[PDB]
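Asks: Got a structure for you, questions after.
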Ligand SMILES: COC1=C(OC)C(=O)C(C/C=C(\C)CC/C=C(\C)CC/C=C(\C)CC/C=C(\C)CC/C=C(/C)CC/C=C(/C)CC/C=C(\C)CC/C=C(\C)CC/C=C(\C)CCC=C(C)C)=C(C)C1=O
Ligand code: SF4
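Protein chains in written order, with UniProt numbering: chain A, 1 to 318; chain B, 104 to 258; chain C, 1 to 115; chain D, 64 to 120; chain E, 2 to 84; chain F, 92 to 161; chain G, 1 to 98; chain H, 1 to 175.
Printed below as a string of structure tokens:
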């Protein structure tokens, strides 16, 4: 039944990703005074299934200038890592209770850029290569602050194991202790997931479709799978880190409900900001971080390095 | 029986195609403005399953909205070629239908049908966004009446 | 036992979904269909020629910056030592040197993109 | 008659600069932008139910 | 004041992020020496036992070493319990 | 008029609910009701291995207390 | 003298051979250099983890530390050869022969 | 079988090494080093070390991403090459793969190969030590002592990194 657990961490996640599209097209549309998908069955509850069916029966053309091998290996890489990075999350009890869950998730998040990289390069297009390079710059810039902010926040945890965060936020949310970093962290989660207002890798206005421009039918749906699974997992990680929740050891369902609600709220804020801003211009989102996020996060790193020592509050490692 | 199974598969596939028609951002002239107004909150393409998407690789229906000229016709034909099948062409407006006002000009294609196979002819100058929505629904019923797997069964 | 069983499950599920995506839909392919997309008209012809990246300095110093976080990350276990004074001095030394590196880059054009 | 649409020099009093720095650090007009879209989601949508509902002529 | 106050105010006006980062960094550098709890932290790290307190051979003389964990003589950490 | 939005989250909530409970229940089912013992350090693993040895039936969750000893 | 050591040493040997042979480009040689560095890291980590030389586990970290620095300097050298040469190939780098 | 694990991962390590040591297009060489680094992190993980493997993972992915970003920018060609395109890269790949094939062949049957060093290849499980780490991972306390014991290493590494940024600035100045 370990296989049972693995399948229970995949099919529900894929279904949640599918309904993420519907809730996005509804919440966004209601921001814009529209109604969003409404025709298919009741309240559009069948749109994810409908376009899921289309994308896997529509013809998946392969460009004549493509590089077949990487053009195919990129979607597999993206979806596999997006699904894999769900396994160490401490949803009541993590499926894979790793001693270095944070470092593992950082490693797989850094690997996920390589899907974009190989898909963009192998497609043999001007727009695709442009989007690949914008992805290069964006993810390096934001990865530096991702690592520093994770270190600064986890300095109060005592280790990198995800489960102890629940023990850390037993009496107070961690956001009340590191609300500045949290802000920056949230922005980083917006950019690493390659979402608005940093969704310049796609750049629908200026890059048509970015690195998905030559991706059609199944591979495109699969890259979308990776993107939305990453969105939900990032919001889940943010909820785990800062907005901790009560965990009764006898009824983990309470912590499941609270955690799921917090992830839902964070994702809803993601769609909220997606429908309330213009889009950044490449270098700006770099000049935002290398000149405003990086110094502030370095200073906060020193502050959180010193803070347990000056107050005799060094958390235990076990 | 096999006929019933292929019938049900036809209904499922046709329902998916008609319920997730993804159009292309190929507005050319004033007929594009109505193409925007049905995307505006009042008519709202989104509730019918239709969401605008550029990059022809991931679109099904092309609404040729506006005058198709000689200088643009090669681009339109090429771009129609990029669309993976199945593909549909909806022709908005008299200009894209048969020539419209400038039917006798020197640099206007006398109908978009001469370049691509147009599937639905939406008349108007410009057609009211309700009329274009009606044309899209007519295309939806067209996809609903497809008999692909039936013909395959009676190959 | 568990981790590679997981990884295998994800990769085979992905490869399968690719297989159904690529063998079922009954594709009909011709040359102009797979022609590269260049906003309609035929591309000038490139897609592999050198593409200038003006943040090359910024891109490369990212490597050193991300390298330092390797030194930085042992801190959660370094705090739990009996020599907190030395640990604090050395951690602040790393952070101060990173600040100095960033400031040197900022002042000497550095982070500013080339034109 | 003409008006200068953008001819406003910001005040340089300590309170003014503190407010500007607070808006920069603690994103304020960004929160206002979020609030506007929150206010319109809670508002009534304008879509009509075509073809059961037809736009006026 | 004068030049220094004007420079501080202008920096707060133009680049508040740099001002905040420098202030936080200076605070985090100079406070830990002044704060008295720092020593406490060290003692806590010394209090936490990771290895066994391997017993030593009682050849007589040493009074301080306890002959039983419950015995009063020896180091105590009531301060940690109270603090 | 956003209550029509609410079903989308609702079912999705159920989706996000399904793993968090299932793993927990699985951890309870495959380990005899009790929580899965986590070995973050070698001492915990040694305790688990000695439990597997003492149990006699080669399952660590099967625990023996006063009844086992004389 | 155990087995895994043989595989890592052999990998380092092929990476040394690859570095000492150029075909066209400058990036490929640099990649082969960082592969040599990777083999060194894996070997040293295996050695010190096996021997329980706890104080020596920082040594692979310092290895990687200077690894990235050399890779950065080499690719900046490649930036300059591209700026003055348009490309990065080494056979056209001959102006110093006489 | 799960008996060896480390053996197979070492073979994938060597194969990834052959991939980028054959001088392919730098993107393909980067991919080969990527798989080699991943399986090397796997080996380090299987050899009782967690932090070191993930550190290799993160650091090398950063470095190889920057290598890609430079490759398609500076070190590219109108006709990128594959491991089968040119006969030279094909020859290098063939030489490496058949070589390592015959090395592991001579290794895992006789298990007493002398090559360079005496290699008694019984099994990597053998060399493991029966020990007790208590409530602290040895590698964690090992790399955590850098800030407490290795102060000199701290100083030299920080100075080297700062002056590395300085030289990355000076070399790339271009008049
Ligand atoms: C000045 O003059 C001008 C002109 O002058 C003539 C012009 O012409 C023009 C040009 C004209 C135009 C641009 C036209 C106008 C256009 C617009 C106004 C744009 C309007 C746009 C909209 C209304 C839509 C906007 C979109 C929104 C809000 C949201 C979009 C987001 C989405 C998510 C869409 C949905 C897409 C996808 C891919 C999601 C669906 C996929 C899934 C659900 C997949 C699910 C899959 C599964 C569940 C699989 C499950 C598998 C399982 C369980 C197991 C699998 C395993 C196995 C082994 C099989 C302009 C601009 C102009 O300015
Ligand atoms: S048919 Fe009429 S509205 Fe449409 S493009 Fe032609 S002139 Fe304009």
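C-beta atoms are modelled at their ideal positions from N, C-alpha and C, and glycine is treated no differently.
Examine chain A for any beta-carbon lying closer than 8 Å to the beta-carbon of residue 75 of chain F, and answer yes or no.
Replies: It is not possible to answer for residue 75 of chain F, since the shown part of chain F is limited to 92 through 161.
Asks: Nearest-angstrom Cα distance between residue 93 of chain C and residue 102 of chain C?
Replies: Stepping through the third chain from its first residue, residue 93 of chain C is reached at position 93. Stepping through the third chain from its first residue, residue 102 of chain C is reached at position 102. Those two C-alpha atoms are separated by around 14 Å.
Asks: With DSSP run on the structure shown, which of helix, strand or coil describes residue 11 of chain A?
Replies: One-based indexing of the first chain puts residue 11 of chain A at position 11. It is helical.
Asks: Using a Cβ cut-off of 8 Å, which residues of the region 129-141 of chain F contact any Cβ in chain H, in chain order?
Replies: 132, 133, 134, 137
Asks: Of all Cβ atoms in chain A, is any one closer than 8 Å to the Cβ of residue 241 of chain B?
Replies: Taking the second chain and counting its residues from 1, the one referred to as residue 241 of chain B is at position 138. By this cut-off, residue 241 of chain B is not an interface position.
Asks: Give the range of the beta strand (DSSP E) segment to which residue 113 of chain H is assigned.
Replies: Taking the first residue of the eighth chain as position 1, residue 113 of chain H is located at position 113. Where residue 113 of chain H is concerned, there is no enclosing beta strand (DSSP E), given that its DSSP letter is neither H nor E.
Asks: Who are the Cβ neighbours of residue 85 of chain A in its own chain at under 6 Å, not counting the five residues just before and after it?
Replies: As a working note, residue 85 of chain A is residue 85 in the first chain. Once the five neighbours on either side are set aside, the close Cβ partners of residue 85 of chain A are 105, 108, 233.
Asks: Roughly how many angstroms separate the alpha carbons of residue 15 of chain A and residue 9 of chain A, rounded to a whole number?
Replies: Start at 1 with the first residue of the first chain, and residue 15 of chain A comes out as number 15. Start at 1 with the first residue of the first chain, and residue 9 of chain A comes out as number 9. Residue 15 of chain A and residue 9 of chain A: Cα-Cα distance of roughly 11 Å.
Asks: Would residue 42 of chain E pass as an interface residue toward chain A - the criterion being a Cβ-Cβ separation below 8 Å?
Replies: For the purposes of this step, residue 42 of chain E is taken as the residue at position 41 of the fifth chain. Output row for residue 42 of chain E: interface = yes.
Asks: Who are the Cβ neighbours of residue 123 of chain B in its own chain at under 7 Å, not counting the five residues just before and after it?
Replies: For the purposes of this step, residue 123 of chain B is taken as residue 20 along the second chain, with counting starting at 1. Around residue 123 of chain B: 152.
Asks: Whole angstroms are fine: how far does the CA of residue 131 of chain B sit from the CA of residue 64 of chain D?
Replies: Numbered from its first residue, the fourth chain carries residue 64 of chain D at position 1. Numbered from its first residue, the second chain carries residue 131 of chain B at position 28. Cα to Cα, the separation comes out at about 39 Å.
Asks: Secondary structure at residue 126 of chain B, three-state DSSP: helix, strand or coil?
Replies: As a first step, residue 126 of chain B must be located in the second chain, where it is residue number 23. The answer is strand: DSSP assigns residue 126 of chain B an E or B state.
Asks: Out of F:98, F:146, F:151, point me to the one whose CA is closest to residue 158 of chain F's CA.
Replies: For the purposes of this step, residue 158 of chain F is taken as the residue at position 67 of the sixth chain. For the set F:98, F:146, F:151, the Cα lying nearest the Cα of residue 158 of chain F is the one of F:146.
Asks: Could you name the residues, in chain order, whose CB is less than 5 Å away from a heavy atom belonging to ligand 2?
Replies: My final list is B:132, B:133, B:134, B:169, B:170, B:196, B:197, B:198, B:203, B:204, B:228, B:229.
Asks: Leaving out five residues on either side along the sequence, give the residues of the same chain with a beta carbon under 7 Å from the beta carbon of residue 293 of chain A.
Replies: The residue labelled residue 293 of chain A in the question sits at position 293 within the first chain. The beta carbon of residue 293 of chain A sits closer than 7 Å to those of 145, 184, all from its chain and outside the five residues before and after it, given in chain order.
Asks: Determine whether the beta carbon atoms of residue 27 of chain G and residue 72 of chain H lie at a separation below 8 Å.
Replies: On the seventh chain, position 27 is the one that residue 27 of chain G refers to. On the eighth chain, position 72 is the one that residue 72 of chain H refers to. No.
Asks: What are the start and end residues of the alpha helix (DSSP H) that includes residue 79 of chain C?
Replies: Working through the third chain from its first residue, we reach residue 79 of chain C at position 79. Note, residue 79 of chain C: premise wrong, no alpha helix (DSSP H); not H, not E.
Asks: Does chain H have any CB closer than 8 Å to the CB of residue 65 of chain G?
Replies: Here residue 65 of chain G refers to the residue found at position 65 of the seventh chain. Yes - at least one Cβ of chain H is within 8 Å of the one on residue 65 of chain G.
Asks: Is the CB of residue 236 of chain B under 8 Å away from at least one CB in chain D?
Replies: Looking up residue 236 of chain B in the second chain gives position 133. Yes, because at least one Cβ of chain D sits closer than 8 Å to the Cβ of residue 236 of chain B.
Asks: Check each residue of the region 133-164 of chain B: if its Cβ is closer than 8 Å to any Cβ of chain C, include it; give the result in chain order.
Replies: From the region 133-164 of chain B, only 158, 159, 160 have a Cβ closer than 8 Å to chain C.
Asks: My understanding is that residue 148 of chain H touches residue 89 of chain C, with C-beta atoms under 8 Å, so please give their C-beta distance in whole angstroms.
Replies: The count along the eighth chain starts at 1 and reaches residue 148 of chain H at position 148. The count along the third chain starts at 1 and reaches residue 89 of chain C at position 89. Actually they do not touch by this definition, with Cβ atoms about 10 Å apart.
Asks: Answer with yes or no whether the minimum CB distance from residue 269 of chain A to chain F is below 8 Å.
Replies: In the first chain, the residue the question calls residue 269 of chain A occupies position 269. No - not a single Cβ of chain F is within 8 Å of the one on residue 269 of chain A.
Asks: Against chain C, with Cβ distances strictly below 8 Å, would residue 118 of chain A count as a contact?
Replies: Indexing the first chain from 1 puts residue 118 of chain A at position 118. Not an interface residue.
Asks: Quick check on residue 101 of chain H: buried or exposed, where buried means 16 or more other Cβ atoms within 10 Å of its Cβ?
Replies: Locating residue 101 of chain H in the eighth chain gives position 101, counting from the first residue. Flag for residue 101 of chain H reads exposed.
Asks: Quick check: does the Cβ of residue 105 of chain C come within less than 7 Å of any heavy atom belonging to ligand 1?
Replies: Indexing the third chain from 1 puts residue 105 of chain C at position 105. Short note on residue 105 of chain C: C-beta not closer than 7 Å to any heavy atom of ligand 1.
Asks: Would you report the Cα separation of residue 257 of chain A and residue 187 of chain A, rounded to the nearest angstrom?
Replies: Within the first chain, numbered from 1, the residue matching residue 257 of chain A stands at position 257. Within the first chain, numbered from 1, the residue matching residue 187 of chain A stands at position 187. One C-alpha to the other measures close to 25 Å.
Asks: For residue 59 of chain A versus residue 187 of chain B, is the C-beta spacing smaller than 8 Å?
Replies: Along the first chain, one-based indexing puts residue 59 of chain A at 59. Along the second chain, one-based indexing puts residue 187 of chain B at 84. Closer than 8 Å, so yes.
Asks: Thinking just about the alpha-carbon of each residue, which of G:93, G:68, G:85 is nearest to the one in residue 168 of chain H?
Replies: As a position in the eighth chain, residue 168 of chain H is number 168, starting the count at 1. Nearest option by C-alpha distance: G:68.
Asks: Closer than 7 Å to a non-hydrogen atom of ligand 1 - does that hold for the CB of residue 25 of chain A?
Replies: Translated into positions along the first chain, residue 25 of chain A becomes position 25. Correct: residue 25 of chain A has its Cβ closer than 7 Å to ligand 1.
Asks: Between the region 81-93 of chain D and chain E, which residues of the former have CB atoms less than 9 Å from a CB of the latter, in chain order?
Replies: 81, 83, 84, 85, 87, 88
Asks: At 4 residues or longer, and completely inside the region 182-263 of chain A: list those alpha helix (DSSP H) runs for me, N to C.
Replies: 218-241
Asks: Name the DSSP beta bridge partners of residue 194 of chain B, please?
Replies: If you number the second chain from 1, residue 194 of chain B lands on position 91. B:167, B:224.
Asks: In the region 13-70 of chain C, which residue ranges form an unbroken alpha helix (DSSP H) of at least 4 residues, counting only runs that do not cross its ends?
Replies: none
Asks: DSSP beta-bridge partners for residue 172 of chain B?
Replies: Here the question's residue 172 of chain B lines up with position 69 in the second chain. Answer is B:211.
Asks: Which bits of chain F does residue 259 of chain A rub up against, with CB to CB less than 7 Å?
Replies: As a position in the first chain, residue 259 of chain A is number 259, starting the count at 1. Those are 111, listed as they occur along chain F.
Asks: Less than 8 Å between the C-beta atoms of residue 276 of chain A and residue 100 of chain D, yes or no?
Replies: Numbered from 1 along the first chain, position 276 holds the residue referred to as residue 276 of chain A. Numbered from 1 along the fourth chain, position 37 holds the residue referred to as residue 100 of chain D. Yes, Cβ-Cβ distance for residue 276 of chain A and residue 100 of chain D is below 8 Å.
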